[PDB]
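Enquirer: any chance you could fold what I've pasted below:
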Amino acid sequence: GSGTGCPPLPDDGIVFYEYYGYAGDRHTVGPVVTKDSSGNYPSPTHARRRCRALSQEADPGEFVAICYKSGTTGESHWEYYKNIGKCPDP
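Expert: Residues are numbered from 1 along each chain as shown. The coordinates are given below.
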């Protein structure tokens, strides 16, 4: 890849992320995007995180980071939000 940009968001065994098409409205499930880190596709994408230790139905999916393609550099990156919460380890 060597393009970084907006990666598919890897699985780390604690959480996972999903890619949604942000369309002028939050929390809205848009069309799913394709390609991986060896693709580097920039999208104003919303990631939903769930804790593997927690059941999918327990979490209503909360967004912890957003992606945005930069008009100046042309690259895309994930933005970490402040005041984030924590889920139980076990």
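Enquirer: all helices for the chain, in order.
Expert: With helices called from DSSP state H, the chain shows none.
Enquirer: please name the residues that touch residue 3.
Expert: By CB atoms under 8 Å, 6 or more residues apart in numbering, residue 3 lies in contact with 38-40. Backbone N, C-alpha and C define where each C-beta goes, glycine included.
Enquirer: can I get the residues you listed in CSV with neighbour count and distance to residue 28?
Expert: Shown next, in CSV, are the contacts of residue 3 (neighbours: other CB atoms under 10 Å; distance: CB to CB, whole Å):
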residue, neighbour count, distance to residue 28
38, 10, 28
39, 14, 24
40, 17, 24
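Enquirer: sort out for me which of those residues are in strands.
Expert: Among those, none falls in strands (DSSP state E).
Enquirer: would you mind measuring from residue 68 to residue 79?
Expert: 7 Å (CB to CB, to the nearest Å).
Enquirer: so these two - more neighbours on which side?
Expert: With neighbours defined as other CB atoms under 10 Å, residue 68 and residue 79 compare such that residue 68 has more, 16 against 9.
Enquirer: what about the more buried one, distance to residue 34?
Expert: Distance, residue 68 to residue 34, using CB to CB: 19 Å.
Enquirer: and the closest residue to residue 88 other than its chain neighbours, how many neighbours?
Expert: Closest residue to residue 88 apart from its sequence neighbours, by CB to CB, 6 or more residues apart in numbering: residue 53 at 6.3 Å. Residues lying near residue 53 (other CB under 10 Å) number 13.
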